[PDB]
Amino acid sequence: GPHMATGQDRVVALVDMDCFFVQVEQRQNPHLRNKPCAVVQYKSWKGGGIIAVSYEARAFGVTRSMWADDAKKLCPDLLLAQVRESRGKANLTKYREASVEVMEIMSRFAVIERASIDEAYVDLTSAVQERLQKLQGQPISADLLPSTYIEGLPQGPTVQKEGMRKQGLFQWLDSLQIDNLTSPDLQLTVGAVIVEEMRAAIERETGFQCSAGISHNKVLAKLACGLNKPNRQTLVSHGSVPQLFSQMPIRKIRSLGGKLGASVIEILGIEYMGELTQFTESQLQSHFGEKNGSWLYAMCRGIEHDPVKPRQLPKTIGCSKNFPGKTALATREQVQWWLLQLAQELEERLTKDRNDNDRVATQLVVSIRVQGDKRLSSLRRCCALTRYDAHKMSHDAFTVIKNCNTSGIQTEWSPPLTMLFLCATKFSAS
DNA sequence: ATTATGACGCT
DNA sequence: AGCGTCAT
Ligand SMILES: Nc1ncnc2c1ncn2[C@H]1C[C@H](O)[C@@H](COP(=O)(O)OP(=O)(O)OP(=O)(O)O)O1
Ligand SMILES: [Ca+2]
């Protein structure tokens with residue numbers, strides 16, 4: 001009733017760059033623009049592995065993880081851009097720097113939480129309040145929402161996509177009460193106005209297009225973002241939740257895409273998020289734990305309280321390389337040489353980070369995978385990171401893992417290593 | 001023979 | 001600490 005929380009206290013957005021690495025390469029090489037194209041890493045093995053795909057290529061069925069040779073079978077005219085290779089490994093610097101471009105623009109509008117290389121959450125609550133004070137009861141023109149979809153609309157008593165968009169937007173605005181400055185629906189709408197502005201600035205100043213979700217929390221914002229890709233934004237109101245969730249597979253919600261989501265489905269014998277409303281909070285806690293149970297109880301009602309964390313920079317800086325099948329490292333000289341290569345890229349990135357961001361990493365994490373292990377990581381050890389020196393870091397990394405060697409022979413390494421990973425962590429101000 | 005990342009929860 | 005899960 002009057003004490004039942006509705007989770008409408010915040011305005012939160014999720015900005016998601018469209019086929020990001022592809023856009024980066026297309027900006028650099030105009031020949032790739034408006035073409036079926038993909039970004040690949042390495043080229044020797046089956047033409048290389050695809051890590052990003054343009055929407056033109058997706059129409060042919062091209063997907064991430066697909067080998068370029070196989071993608072060509074579906075899309076013979078597919079164009080390709082290769083990830084830069086340095087010191088024998090893929091180097092993602094161009095995309096990290098492009099990410100910084102976008103993140104710094106978004107930061108002008110509000111505090112952001114860097115979710116990934118090309119996603120950021122935004123808490124627009126305060127900005128919306130300010131903007132509402134300028135409007136002063138003034139209605140919101142549909143012209144201020146040129147790329148916005150209102151989920152669930154149109155509805156009630158045109159066969160084209162854009163036509164439908166406008167009809168929904170019209171119904172939404174027609175029902176708004178611009179008279180109430182505390183109206184959640186109004187707040188969401190102003191949030192979307194600001195996101196239009198943010199997305200316009202991103203495209204103007206970088207050339208990159210993106211999609212966005214606007215709602216009352218991170219999970220709904222994220223879900224909304226994916227509803228109308230690419231180059232569009234979607235508003236998901238609290239009111240839209242029941243119908244939206246009624247046919248929404250549980251795996252579509254952030255954090256429920258893996259084993260937990262599978263267990264929710266199996267244990268409860270349900271398929272859709274909405275079906276969760278029929279269980280008490282205690283019931284959910286009993287199956288999935290105190291934390292998960294509470295989260296699920298609230299989430300299926302469109303309520304979540306995870307805050308947009310003020311963090312624009314990554315917490316860690318890591319370098320990793322796989323050594324599949326026959327290429328698995330089997331000698332001591334091999335292991336040492338590749339640790340050095342990884343350590344050299346790491347030193348380079350750490351030094352840049354220290355100059356730009358006034359901080360120093362204090363811990364070096366070393367991870368390896370042994371041939372046969374199904375897990376991505378077989379072992380993880382840490383040592384002190386006291387100096388940004390590649391030779392020292394590689395030596396220290398070898399030291400902490402050198403006893404993983406079974407070979408009675410000092411020169412041979414067994415079982416062969418199929419993955420090396422160096423990660424700098426635990427930053428302090430400098 | 002996907003690969004290269006990155007954040008956070010559990011114990 | 002070291003491992004697992006989930007995500008771009
Ligand atoms: N599994 C992966 N391995 C390596 N790189 C990845 C992987 N997933 C994503 N990336 C990289 C390439 C992507 O361009 C970028 C952002 O990923 P993601 O948001 O999942 O898709 P995308 O931006 O390419 O397409 P979309 O338009 O659907 O968002 O990060
Ligand atoms: Ca993206």
Side-chain angles (χ1 to χ4, degrees), chain A residues 14-22 38-53 63-71 82-96 99 113-121 218-219 222 225-226 251-263 288-292 295 306-307 309 311 313-328 342 345-346 349 363 365-369 371 373-384 400-401 404 416 418-427:
Chain A
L14 185 272
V15 177
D16 198 351
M17 310 304 299
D18 297 330
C19 54
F20 186 51
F21 290 16
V22 165
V39 170
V40 301
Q41 54 190 5
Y42 307 116
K43 205 81 177 68
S44 302
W45 189 265
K46 303 183 178 182
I50 291 178
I51 61 179
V53 185
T63 64
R64 166 177 299 117
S65 92
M66 193 170 280
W67 295 118
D69 285 349
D70 296 332
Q82 293 188 241
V83 177
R84 174 194 180 185
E85 281 183 51
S86 302
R87 308 185 217 267
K89 71 178 292 291
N91 190 289
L92 304 175
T93 296
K94 187 196 299 183
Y95 316 106
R96 293 193 180 98
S99 175
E113 176 183 346
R114 185 196 191 270
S116 63
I117 196 161
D118 84 324
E119 294 186 338
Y121 290 94
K218 299 165 71 177
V219 165
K222 172 56 180 177
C225 185
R251 67 176 177 274
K252 301 299 179 177
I253 282 54
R254 198 196 83 190
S255 86
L256 300 182
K259 295 181 177 182
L260 178 59
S263 69
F288 316 111
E290 177 183 335
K291 196 175 180 181
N292 289 332
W295 185 88
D306 185 39
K309 297 170 184 54
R311 183 190 69 254
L313 305 171
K315 293 194 170 188
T316 57
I317 300 183
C319 297
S320 74
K321 181 172 180 57
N322 283 2
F323 304 95
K326 185 176 178 299
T327 68
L342 292 176
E345 177 183 332
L346 189 56
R349 287 163 57 185
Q363 181 177 81
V365 177
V366 185
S367 184
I368 69 178
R369 189 187 184 185
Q371 195 159 43
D373 193 340
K374 177 178 174 299
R375 302 172 299 172
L376 280 61
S377 172
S378 299
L379 173 141
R380 203 214 72 161
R381 295 289 190 268
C382 61
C383 64
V400 302
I401 75 169
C404 298
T418 56
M419 186 279 297
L420 295 179
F421 184 26
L422 300 181
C423 186
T425 72
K426 299 193 179 305
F427 287 91

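So that the names make sense, note that chain A is the first sequence line, chain B the second, and so on, each numbered from 1. Values below: all heavy atoms of this structure, side chains included; hydrogens, waters and symmetry mates excluded.
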Touch class at under 4.0 angstrom, heavy-atom based, for A:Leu260 against every strand present: sugar-phosphate

Salt bridge flag under 4.0 Å for residues A:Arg114 and A:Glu119: no

Backbone N/O of A:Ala328 and side chain of A:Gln371: donor-acceptor pair under 3.5 Å: no

5' priority, DNA chain C, between A:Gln363 and A:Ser377 [closest heavy atom]: A:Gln363

Sidechain-backbone polar pair: A:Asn292 side chain, A:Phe288 backbone, donor-acceptor under 3.5 Å: yes

Below 4.0 Å: OP1/OP2 of B:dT3 and any side-chain N or O of A:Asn322: yes

Sugar-phosphate only, base, or nothing, as touched by A:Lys46 at under 4.0 Å among non-hydrogen atoms: nothing

Residue A:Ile51, side-chain atoms from C-beta onward, closest of B:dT5, B:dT3, C:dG2: B:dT3

A:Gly258 backbone acceptor or donor facing A:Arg251 side chain under 3.5 Å: no

Residue pair A:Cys225 / A:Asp16: nearest heavy atoms and the distance that separates them: SG-CB, 3.4 Å

Residues A:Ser377 and A:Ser367: side-chain donor-acceptor under 3.5 angstrom: yes

Selection from C:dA1, B:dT2, B:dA4 that lies nearest to any side-chain heavy atom of A:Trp67: B:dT2

Among B:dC8, B:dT3, B:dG6, the nucleotide that comes nearest once only the side chain of A:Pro314 is considered: B:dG6

Candidates C:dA7, B:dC8, B:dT2 - which lies nearest the side chain of A:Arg254: C:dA7

Which residue lies more 5' along DNA chain B, comparing A:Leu313 with A:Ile50 via nearest heavy atoms: A:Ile50

Closest to the A:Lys259 side chain, choosing from B:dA1, C:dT5, C:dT8: C:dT5

Any A:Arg369 side-chain N or O less than 4.0 Å from OP1/OP2 of C:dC3: no

Length of the CD1-P vector between A:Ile117 and B:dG6, whole Å: 7 Å

Interatomic distance, A:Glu113 CD vs C:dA7 P [rounded to whole Å]: 15 Å

Candidate nucleotides C:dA7, B:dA1, B:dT3, ranked by approach to the side chain of A:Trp45 - the nearest: B:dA1

Whole angstrom value for the distance that separates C1' of C:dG4 from CZ of A:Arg375: 10 Å

Candidate nucleotides B:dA4, C:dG2, C:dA7, ranked by approach to the side chain of A:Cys382 - the nearest: C:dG2

Separation of atom NZ in A:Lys43 from atom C1' in B:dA1, rounded to whole Å: 15 Å

Integer-rounded Å distance: B:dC8 P and A:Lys426 NZ: 13 Å

Where A:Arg254 and A:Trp295 come nearest, the two heavy atoms and their spacing: O-CH2, 3.7 Å

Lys/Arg-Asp/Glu bridge criterion (N-O < 4.0 Å) met for A:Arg349, A:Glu345: yes

Mutual orientation of the aromatic rings belonging to A:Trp67 and A:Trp45 [parallel < 30°, tilted 30-60°, perpendicular > 60°]: perpendicular

Rounded distance in Å - NZ (A:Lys89) to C1' (B:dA4): 7 Å

C:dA7 OP1/OP2 closer than 4.0 Å to side-chain N/O of A:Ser255: no

Residue A:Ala90, side-chain heavy atoms: nucleotide from B:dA7, B:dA4, C:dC3 that is nearest: B:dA4

Nearest-Å distance for atom pair CZ/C1', residues A:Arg380 and B:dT5: 16 Å

Base C:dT8 paired with A:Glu119 side chain (donor-acceptor, <3.5 Å): no

Residue closer to the 5' end of DNA chain B, A:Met66 versus A:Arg96 (nearest nucleotide): A:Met66

d(CG, A:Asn91; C1', B:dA4) in whole Å: 11 Å

With the criterion being N/O to N/O and under 3.5 Å, what pairs connect the protein with nucleotides 9-11 of chain B, and how long is each?
{"residue": "B:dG9", "atom": "OP1", "partner": "A:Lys291", "partner atom": "NZ", "Å": "3.4"}

Among B:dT2, C:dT8, B:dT5, the one nearest A:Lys222 by side-chain distance: C:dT8

A:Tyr42 side-chain N/O to B:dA4 phosphate OP1/OP2 under 4.0 Å: yes

Sugar-phosphate, base or nothing in reach of A:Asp16, heavy atoms under 4.0 Å: nothing

